[PDB]
Amino acid sequence: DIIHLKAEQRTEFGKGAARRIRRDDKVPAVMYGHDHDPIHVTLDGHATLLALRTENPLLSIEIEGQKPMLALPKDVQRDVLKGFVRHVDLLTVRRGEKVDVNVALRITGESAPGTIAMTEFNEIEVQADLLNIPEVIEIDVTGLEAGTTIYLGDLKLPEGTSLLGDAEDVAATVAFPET
Amino acid sequence: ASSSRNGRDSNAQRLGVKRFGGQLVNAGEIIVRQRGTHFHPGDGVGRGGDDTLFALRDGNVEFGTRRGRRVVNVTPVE
Amino acid sequence: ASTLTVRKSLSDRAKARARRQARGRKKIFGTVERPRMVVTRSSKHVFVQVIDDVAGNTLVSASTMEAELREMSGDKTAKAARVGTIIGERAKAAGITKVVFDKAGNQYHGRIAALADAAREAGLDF
Amino acid sequence: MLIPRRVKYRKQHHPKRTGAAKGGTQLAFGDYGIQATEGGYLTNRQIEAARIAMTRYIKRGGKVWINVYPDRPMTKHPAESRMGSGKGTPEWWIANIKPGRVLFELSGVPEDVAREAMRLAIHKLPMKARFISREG
RNA sequence: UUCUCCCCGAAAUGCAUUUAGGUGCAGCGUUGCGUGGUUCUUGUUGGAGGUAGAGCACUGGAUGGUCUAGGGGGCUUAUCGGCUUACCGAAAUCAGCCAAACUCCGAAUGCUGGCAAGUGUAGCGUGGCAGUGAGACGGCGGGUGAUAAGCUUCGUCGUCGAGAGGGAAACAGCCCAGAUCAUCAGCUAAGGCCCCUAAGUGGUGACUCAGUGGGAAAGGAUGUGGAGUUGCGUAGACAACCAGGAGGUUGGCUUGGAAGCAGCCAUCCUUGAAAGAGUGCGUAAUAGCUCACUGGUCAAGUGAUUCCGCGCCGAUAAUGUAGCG
RNA sequence: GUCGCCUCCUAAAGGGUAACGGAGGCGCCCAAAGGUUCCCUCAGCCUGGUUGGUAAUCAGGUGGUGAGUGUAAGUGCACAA
RNA sequence: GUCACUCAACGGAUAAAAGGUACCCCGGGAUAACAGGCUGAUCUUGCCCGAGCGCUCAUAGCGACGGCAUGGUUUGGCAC
RNA sequence: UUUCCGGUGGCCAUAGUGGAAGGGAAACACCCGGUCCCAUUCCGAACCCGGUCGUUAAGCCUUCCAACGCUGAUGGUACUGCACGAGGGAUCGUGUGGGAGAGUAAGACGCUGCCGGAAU
Ligand SMILES: [Mg+2]
Ligand SMILES: [Mg+2]
Ligand SMILES: [Mg+2]
Ligand SMILES: [Mg+2]
Ligand SMILES: [Mg+2]
Ligand SMILES: [Mg+2]
Ligand SMILES: [Mg+2]
Ligand SMILES: [Mg+2]
Ligand SMILES: [Mg+2]
Ligand SMILES: [Mg+2]
Ligand SMILES: [Mg+2]
Ligand SMILES: [Mg+2]
Ligand SMILES: [Mg+2]
Ligand SMILES: [Mg+2]
Ligand SMILES: [Mg+2]
Ligand SMILES: [Mg+2]
Ligand SMILES: [Mg+2]
Ligand SMILES: [Mg+2]
Ligand SMILES: [Mg+2]
Ligand SMILES: [Mg+2]
Ligand SMILES: [Mg+2]
Ligand SMILES: [Mg+2]
Ligand SMILES: [Mg+2]
Ligand SMILES: [Mg+2]
Ligand SMILES: [Mg+2]
Ligand SMILES: [Mg+2]
Ligand SMILES: [Mg+2]
Ligand SMILES: [Mg+2]
Ligand SMILES: [Mg+2]
Ligand SMILES: [Mg+2]
Ligand SMILES: [Mg+2]
Ligand SMILES: [Mg+2]
Ligand SMILES: [Mg+2]
Ligand SMILES: [Mg+2]
Ligand SMILES: [Mg+2]
Ligand SMILES: [Mg+2]
Ligand SMILES: [Mg+2]
Ligand SMILES: [Mg+2]
Ligand SMILES: [Mg+2]
Ligand SMILES: [Mg+2]
Ligand SMILES: [Mg+2]
Ligand SMILES: [Mg+2]
Ligand SMILES: [Mg+2]
């Protein structure tokens with residue numbers, strides 16, 4: 001899915017300008033790529049928060065003078081206590097292309113009550129295609145107990161989403177309870 | 001009561017650069033007092049017994065790099 | 001091409017010669033008044049150049065490679081002495097008078113010493 | 001009680017308690033956690049009380065991570081004594097907490113009882129803290 | 001320690017001291033003579049750095065995971081060798097961390113040169129005469145101390161000291177502002193404009209109803225306004241009101257009793273438009289009262305949840321209201 | 001308890017900066033451990049090897065400073081100091 | 001030129017020196033004891049959380065581990 | 001003049017580390033000897049001397065590989081000079097100037113001077 005965001009040129013730089021923008025309830029963003037100079041824009045705060053609710057969404061930035069262009073939020077600086085987005089790094093993508101992204105690991109398996117599944121990572125770097133971004137990568141540990149551990153080289157990854165990270169380290173662990 | 005096993009300290013030695021970059025100096029003028037060669041002697045600069053870098057000639061002091069060393073040179077005055 | 005560090009994977013003899021050359025060069029440095037005579041003593045030839053280390057250029061040079069000396073029958077030491085005489089003559093021509101000798105990581109002995117004494121006889125002040 | 005095996009210097013200056021959390025502002029091991037919204041000093045006794053509360057409420061399941069460590073020693077002037085005669089003897093071990101620091105983490109427990117355990121733990125801490133999760 | 005006025009105007013620091021409330025030298029004052037932009041401010045241009053921050057390359061500290069040398073416990077039973085290693089576990093490695101005496105990094109300022117402009121008359125040399133060498137509080141950056149003191153000890157700027165005038169109810173150190181004298185003129189600073197008390201019971205838009213304003217914490221609370229996110233809802237929501245609110249099943253370790261209510265659990269199946277081995281009240285122990293769920297007359301919005309503004313509780317000493325003067 | 005000297009931190013990236021603040025050293029030593037010239041590269045780790053073991057001496061491989069520096073600490077020093 | 005000082009209280013009062021005074025005598029609140037003032041560690045009085053104890057039953061009544069404050073009467077700190 | 005190569009500097013990893021392929025005309029090198037100068041805290045290993053047969057296996061050289069390492073913006077954030085402001089208090093915020101580190105896109109399998117060589 002494509003999320004459309006209206007942005008306009010940002011020209012004032014520095015902490016004072018950023019504070020003024022955030023008080024105006026916008027959010028600064030820098031959009032860069034492998035073909036053109038970085039573009040400094042400001043986005044609507046509410047729209048940016050709604051768009052960034054999900055992880056790795058495909059955004060289209062529209063500037064009135066310019067043309068819509070496709071980007072991904074690569075680094076989102078959010079406030080720590082409040083959830084507000086403080087700054088956005090947008091990385092331009094060339095429609096038909098390939099990208100490296102992080103997809104969230106979750107556990108959807110059940111074992112004996114003695115052992116509890118644990119995730120060794122929050123995100124895994126997975127090389128996928130633009131139009132099919134895996135929302136979540138799911139691994140199921142059902143009927144497996146004791147001290148079995150799962151590394152990154154054995155996953156039921158969806159089609160077109162190759163693994164870019166190392167496959168010689170553990171990802172999921174099941175072990176007896178916190179004794 | 002109690003007491004401290006500390007309270008001793010040595011007198012201030014007043015090290016550091018004495019003539020900065022571009023400053024005009026005379027021959028023999030001390031450029032930097034130091035312990036060890038944080039700055040090595042460059043062109044027109046001699047190194048003394050206590051690692052003091054001083055001017056071997058008149059000119060302007062510059063700080064630079066000679067091969068892999070931080071050095072202090074005295075460029076002869078134009 | 002100089003890199004401070006001795007290139008790794010270099011042969012053991014080459015590393016030893018490079019280290020000795022560097023430690024000699026630590027105090028040897030050629031100026032316009034007293035340029036640096038560098039003698040590279042290869043297994044078959046000796047190549048001598050007088051260098052102004054300030055500018056990084058060679059003023060005069062000589063070697064056994066010269067056609068006037070290739071067929072000059074003689075031992076390695078004799079050929080090195082002939083090279084030393086030639087380089088001294090060229091230094092006199094260029095008006096060098098005094099030089100500083102850089103053995104370039106080799107012992108001052110044999111061919112190197114013969115070349116140095118030949119230059120001294122030719123009239124170089126060192 | 002968490003006490004370091006050894007420290008380089010037993011008598012140290014008071015830790016800076018200015019600024020936001022330098023690092024460790026995000027969950028790294030567990031699913032839920034406690035995030036301090038205010039700075040302050042966190043002693044090993046308080047850490048142990050909170051950990052006991054969480055573990056006791058979650059019973060046997062789930063696992064708890066203590067992200068912070070009370071490795072900073074605090075000296076105490078000898079009692080009833082006039083000022084001076086050198087620094088005191090270490091008496092407390094604290095961790096330097098800054099706003100946004102994740103103190104405790106929990107995993108392997110349903111969200112509601114995890115929240116209740118975190119509430120029990122937070123009521124033992126000397127600074128304000130909140131329950132956080134990986135957005136569920 | 002006794003008359004006057006005119007000009008300038010400190011110090012309470014450093015070093016040393018049989019010294020610490022003394023004194024010498026230097027610092028700071030004044031003054032004669034001499035030297036004249038050398039001082040200073042700003043801009044520009046160039047230097048050395050390791051603080052703040054940050055980081056984990058080093059040295060220490062540290063959490064979890066993987067893995068493991070090697071130690072512990074056992075047996076077959078041991079000289080081995082094996083099963084174990086379901087225990088311990090250096091190291092290595094992955095991820096998150098910590099540091100006044102850690103640094104792969106690294107500012108702002110400050111310091112110090114060149115140049116340019118601006119500038120009071122600043123700077124410097126050398127003589128005469130000093131006083132001072134008990135400091136105080138405030139801002140900022142630190143040590144001591146308990147996250148203490150109107151505490152103590154440094155760095156730095158300010159005021160006071162040695163400073164009147166305006167403001168702070170009063171109130172050396174805070175804010176405004178440096179008093180040559182006269183004036184029954186005007187404009188302002190901080191702070192103020194209902195009355196005390198000079199000037200607005202000013203205009204417009206919101207919020208508060210606590211006399212909050214006009215002291216306070218952890219914590220607690222259908223206070224009240226505003227901004228979201230989200231579930232359900234004229235397939236008819238939430239309340240209110242009439243019928244089904246139960247079989248098998250007194251489910252099991254308990255406990256003369258756990259039958260639905262001592263505590264702990266697999267957290268099922270059924271006559272069926274409908275229900276939980278079971279949530280409150282009742283109860284020696286079962287009974288029962290009553291709810292989610294199912295019809296219906298009515299039905300237009302409800303139910304969560306987050307954040308923001310102002311409020312509430314917590315709140316609590318002694319002569320007299322007495323924490324807006 | 002302290003008094004002179006040296007190193008670090010406090011000390012706020014020049015210098016300087018106090019407390020009965022936090023850590024340690026000094027009142028020597030060396031005729032070479034001084035001068036000069038030339039030569040050399042360590043510690044650790046891995047493998048093999050009489051006595052011999054974690055570790056003596058030897059071999060190969062790896063390894064740039066983590067060894068070393070008469071003596072504290074810092075600044076230095078592998079170009080080696 | 002060089003020598004002789006733990007003149008170490010190390011800018012080194014004499015080459016040469018310990019005590020008692022409640023029998024005592026002759027500036028300082030620059031500095032202690034008492035009271036006042038500040039502070040509140042300690043003390044004191046509350047409060048939040050509720051492990052647990054209370055046949056059963058957290059809260060009849062109790063309150064572990066921790067947390068937050070009141071009072072200024074305790075011991076102190078400060079030395080106004 | 002150009003190309004290739006040997007020496008000798010400069011920048012001191014954008015150059016290193018590791019992997020792959022290929023090359024020697026001069027040159028470099030390994031290599032072959034130890035009689036001679038000389039040498040080993042033993043050893044002609046090294047140093048030195050005498051040769052240039054043999055050999056491109058290695059050094060060296062050329063091409064390729066971002067793989068480890070290295071280099072690295074823009075924007076934002078931390079901090080901060082000056083000027084203020086807010087909390088009972090730890091402490092926090094704003095104006096006006098300066099502004100990182102980390103991380104991100106990316107760069108990069110070196111650059112450059114002089115001398116000599118063989119060919120053109
Ligand atoms: Mg010397
Ligand atoms: Mg000396
Ligand atoms: Mg990090
Ligand atoms: Mg005056
Ligand atoms: Mg810091
Ligand atoms: Mg004086
Ligand atoms: Mg005095
Ligand atoms: Mg004084
Ligand atoms: Mg004083
Ligand atoms: Mg003072
Ligand atoms: Mg002050
Ligand atoms: Mg302090
Ligand atoms: Mg005071
Ligand atoms: Mg006075
Ligand atoms: Mg004044
Ligand atoms: Mg006044
Ligand atoms: Mg007044
Ligand atoms: Mg008044
Ligand atoms: Mg007026
Ligand atoms: Mg005004
Ligand atoms: Mg009045
Ligand atoms: Mg009105
Ligand atoms: Mg009005
Ligand atoms: Mg009230
Ligand atoms: Mg009130
Ligand atoms: Mg309140
Ligand atoms: Mg008033
Ligand atoms: Mg300093
Ligand atoms: Mg400073
Ligand atoms: Mg002082
Ligand atoms: Mg003295
Ligand atoms: Mg005497
Ligand atoms: Mg008597
Ligand atoms: Mg008297
Ligand atoms: Mg007094
Ligand atoms: Mg007094
Ligand atoms: Mg008193
Ligand atoms: Mg009184
Ligand atoms: Mg008292
Ligand atoms: Mg006192
Ligand atoms: Mg005082
Ligand atoms: Mg970078
Ligand atoms: Mg950067």
Side-chain angles (χ1 to χ4, degrees), chain A residues 13 15-16 18-19 28-30 32-34 38 40 74-75 77 86-87 89 91 120-121 147 149 169-170 173, chain B residues 3-4 6-7 10-12 14 16-17 20-24 34-38 51 63 65 67-68, chain C residues 1-4 8-11 13-14 16 20 22-23 26 38 40 42-45 47 49 51 53 55-58 61 63 65 75-77 107 109-110, chain D residues 4 6-9 11-14 17-19 22-24 28-29 39-41 45-46 48-50 52-53 56 65-69 71 76-77 79-80 82-87 96 120 123-126:
Chain A
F13 299 122
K15 62 164 186 301
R19 286 180 195 156
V30 64
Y32 50 84
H34 52 79
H40 310 110
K74 191 167 187 64
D75 168 1
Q77 288 150 42
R86 294 178 64 88
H87 184 260
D89 282 22
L91 173 61
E120 280 287 305
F121 290 108
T149 181
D169 63 69
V170 298
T173 48
Chain B
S3 70
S4 178
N6 315 307
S10 81
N11 283 323
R14 291 138 170 104
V17 170
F20 294 92
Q23 208 158 335
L24 188 73
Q34 60 180 5
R35 304 271 94 90
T37 64
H38 179 90
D51 310 307
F63 286 80
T65 307
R67 280 164 61 97
Chain C
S2 59
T3 59
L4 278 73
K8 184 178 184 293
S9 78
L10 213 68
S11 50
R13 306 183 80 264
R20 298 196 286 271
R23 89 160 57 94
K26 167 200 277 207
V38 194
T40 305
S42 58
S43 68
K44 288 165 71 170
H45 298 273
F47 176 57
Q49 37 181 348
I51 300 158
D53 269 314
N57 56 355
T58 287
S61 76
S63 68
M65 293 179 184
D75 184 359
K76 273 181 189 174
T77 300
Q107 184 178 2
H109 191 46
Chain D
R6 45 149 303 181
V7 294
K8 182 67 181 294
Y9 299 106
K11 321 212 185 177
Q12 305 177 17
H13 292 166
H14 279 81
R17 66 186 94 95
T18 60
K22 191 166 165 281
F29 315 91
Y41 291 160
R45 302 172 78 219
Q46 298 153 348
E48 182 65 26
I52 289 282
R56 183 177 292 171
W65 290 266
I66 311 292
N67 296 115
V68 304
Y69 200 86
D71 69 276
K76 187 199 162 96
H77 198 55
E80 301 286 65
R82 307 219 159 106
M83 322 283 302
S85 312
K87 208 166 170 63
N96 208 15
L120 270 295
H123 278 301
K124 313 270 158 177
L125 303 170

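Lettering follows sequence order; numbering is per chain, from 1. Values reported hereafter were calculated over all heavy atoms of this structure, with side chains retained and with hydrogens, waters and symmetry mates removed.
- Residue contacts for B/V17: at a heavy-atom cut-off of 4.0 Å it reaches the sugar-phosphate backbone alone, with no base atom in range.
- Pairing for E/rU103 goes to E/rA54, judged as Watson-Crick or G-U wobble with the two contacts each under 3.5 Å.
- The aromatic rings of D/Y41 and D/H14 sit parallel to each other, their planes meeting at less than 30°, with 60° as the upper class boundary.
- A distance cut-off of 5.5 Å between ring centres, combined with a plane angle under 30°, leaves D/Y69 outside any stacking arrangement with the base of E/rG61.
- Residue contacts for B/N6: at a heavy-atom cut-off of 4.0 Å it reaches a base atom on one of the strands shown.
- For the pair C/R20 and B/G68, nearest-nucleotide mapping onto RNA chain F gives the more 5' position to C/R20.
- E/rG173 has its base syn relative to the sugar, with a glycosidic angle deviating from 0 by at most 90°.
- Shown here, E/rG47 forms a base pair with E/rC111; the pair counts as Watson-Crick or G-U wobble because both key distances fall under 3.5 Å.
- Picking from E/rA148, F/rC40, H/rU74 the nucleotide with the shortest atom distance to the side chain of A/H40 gives H/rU74.
- Residue D/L125 is in sugar-phosphate contact alone, with no base atom involved, counting any heavy-atom pair closer than 4.0 Å across all strands shown.
- Base stacking is present between E/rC58 and E/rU59; both the centre distance of their six-membered rings (under 5.5 Å) and the plane angle (under 30°) fall inside the limits.
- The distance from atom CZ of A/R19 to atom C1' of H/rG97 is 12 Å, rounded to the nearest whole Å.
- Consecutive residues E/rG163 and E/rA164 do not stack, lacking base ring centres under 5.5 Å apart with planes under 30°.
- Pairing for E/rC193 is absent, judged as Watson-Crick or G-U wobble with the two contacts each under 3.5 Å.
- If you check E/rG220, H/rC49, H/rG59 against the side chain of C/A14, the one that comes closest is H/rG59.
- G/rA64: sugar pucker north (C1'-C2'-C3'-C4' torsion positive).
- Below the 3.5 angstrom threshold, one finds a donor paired with an acceptor across the side chain of D/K22 and the base of E/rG55.
- Under the 5.5 Å centre and 30° plane thresholds, E/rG214 does not stack on its strand neighbour E/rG215.
- In this structure E/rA179 sits in the anti conformation; its chi angle is more than 90° from 0.
- For H/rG59, its base never sits under 3.5 Å from the side chain of C/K8 at any donor and acceptor pair.
- Taking the side chain of B/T65 as heavy atoms from C-beta on, and the options H/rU52, H/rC12, G/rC65, the nearest nucleotide is H/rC12.
- The base-pairing partner of E/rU17, taking Watson-Crick or G-U wobble contacts with both distances under 3.5 Å, is E/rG22.
- Judged by atom type and distance alone, C/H109 does not reach the base of H/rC49 through any side-chain donor-acceptor pair under 3.5 Å.
- Using a 4.0 Å heavy-atom distance criterion, A/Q77 is classed as a base contact.
- Look at the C1' atom in both H/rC12 and H/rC70: the space between them is 13 Å, to the nearest Å.
- Nucleotides E/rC307 and E/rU270 have their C1' atoms positioned 49 Å apart, rounded to a whole Å.
- Residue C/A22 is out of contact with every strand shown, counting any heavy-atom pair closer than 4.0 Å.
- Adjacent nucleotides E/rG252 and E/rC253 fail the stacking criterion: their six-membered base rings are not both under 5.5 Å apart at the centres and under 30° between the planes.
- With respect to the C1'-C2'-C3'-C4' torsion, H/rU14 shows a south sugar, the value lying on the negative side.
- Rounded to whole angstrom, the span from the NZ atom of C/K76 across to the P atom of H/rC47 amounts to 13 Å.
- In terms of position on RNA chain F, the residue among D/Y9 and B/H38 whose nearest nucleotide sits closer to the 5' end is D/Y9.
- Distances from the side chain of C/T3 to the nucleotides H/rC28, F/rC39, H/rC11 place H/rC11 closest.
- A/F13 has its CZ atom 16 Å from the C1' atom of H/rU77, to the nearest Å.
- For the P atoms, the distance linking F/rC30 with F/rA43 amounts to 28 Å, nearest Å.
- Among the protein residues, B/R67 comes within range of the nucleic acid bases, having at least one heavy atom under 4.0 Å from a base atom.
- Closest approach to the C/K26 side chain among G/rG77, F/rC79, H/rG75 is made by F/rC79 (side chain taken as heavy atoms from C-beta onward).
- Adjacent nucleotides G/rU74 and G/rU75 meet the stacking criterion of ring centres closer than 5.5 angstrom and planes inclined by less than 30 degrees.
- Taking the P atoms as reference points, E/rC8 lies 11 Å from E/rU180, given to the whole Å.
- Of the candidates H/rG59, H/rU52, G/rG66, the closest approach to any side-chain atom of D/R45 belongs to G/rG66.
- Looking at heavy-atom distances under 4.0 Å, C/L4 makes contact with a base.
- E/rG143 and E/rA101 are spaced 14 Å apart, taking the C1' atom of each and rounding to whole Å.
- Using atom P as the reference point in both E/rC151 and E/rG213, the two lie 30 Å apart (nearest Å).
- Of the candidate nucleotides H/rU91, G/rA41, F/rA81, H/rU91 has the atom nearest to the side chain of D/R17.
- Looking at heavy-atom distances under 4.0 Å, A/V170 makes contact with sugar-phosphate atoms alone, never a base.
- Under the 3.5 Å distance criterion, with hydrogens and angles disregarded, a donor-acceptor pair is assigned to the side chains of C/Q49 and C/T58.
- Among the heavy atoms of the strands lying under 4.0 Å from B/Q23 are primed sugar atoms or P, OP1, OP2 only; no base atom is included.
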Sugar-phosphate atoms are those with a prime plus P, OP1 and OP2; base atoms are the rest. Using that split, label each nucleotide of nucleotides 113-120 of chain H B, S or - for protein heavy atoms under 4.0 Å, 5' to 3'. BSSS----
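- H/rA106 has its base anti relative to the sugar, with a glycosidic angle deviating from 0 by more than 90°.
- Residue D/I52 contributes atom CD1, which lies 14 Å from atom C1' of G/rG52 at whole-angstrom precision.
- The CG-P distance, from D/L120 to G/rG50, rounds to 7 Å in whole Å.
- Residue B/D51 is classed as having no contact, given no heavy-atom separation below 4.0 Å to the nucleic acid.
- Within the 4.0 angstrom heavy-atom criterion, base atoms lie near D/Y41.
- Comparing the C1' positions of E/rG257 and E/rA266 gives an interatomic distance of 25 Å, to the nearest angstrom.
- Put simply, NZ on D/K76 is 13 Å from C1' on E/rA148, counting in whole angstrom units.
- For E/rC7 and E/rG21, the P atoms lie 39 Å apart once the distance is rounded to whole Å.
- Backbone-only engagement by A/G33 is indicated by non-hydrogen atom pairs under 4.0 Å involving sugar-phosphate atoms exclusively.
- Counting non-hydrogen atoms under 4.0 angstrom, D/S85 reaches a base of the nucleic acid.
- Looking at heavy-atom distances under 4.0 Å, D/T18 makes contact with sugar-phosphate atoms alone, never a base.
- Taking atom NZ of residue D/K11 and atom P of nucleotide E/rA99, one finds them 22 Å apart after rounding to whole Å.
- Of all nucleotides listed (F/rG74, G/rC78, E/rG61), G/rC78 comes nearest to the side chain of D/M83.
- Remark: the C/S2 side chain and the H/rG10 base include a donor-acceptor N/O pair separated by less than 3.5 Å.
- Consecutive pairing runs in RNA chain H reach the stem threshold at H:4-11 with H:110-117, H:18-21 with H:62-65, H:31-34 with H:48-51, H:79-86 with H:91-98, where a stem means at least three Watson-Crick or G-U wobble pairs with distances under 3.5 Å.
- For D/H13 and F/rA19, the NE2 to P distance is 15 Å, given to the nearest whole Å.
- Because its glycosidic torsion is more than 90° from 0, F/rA11 is reported here as anti.
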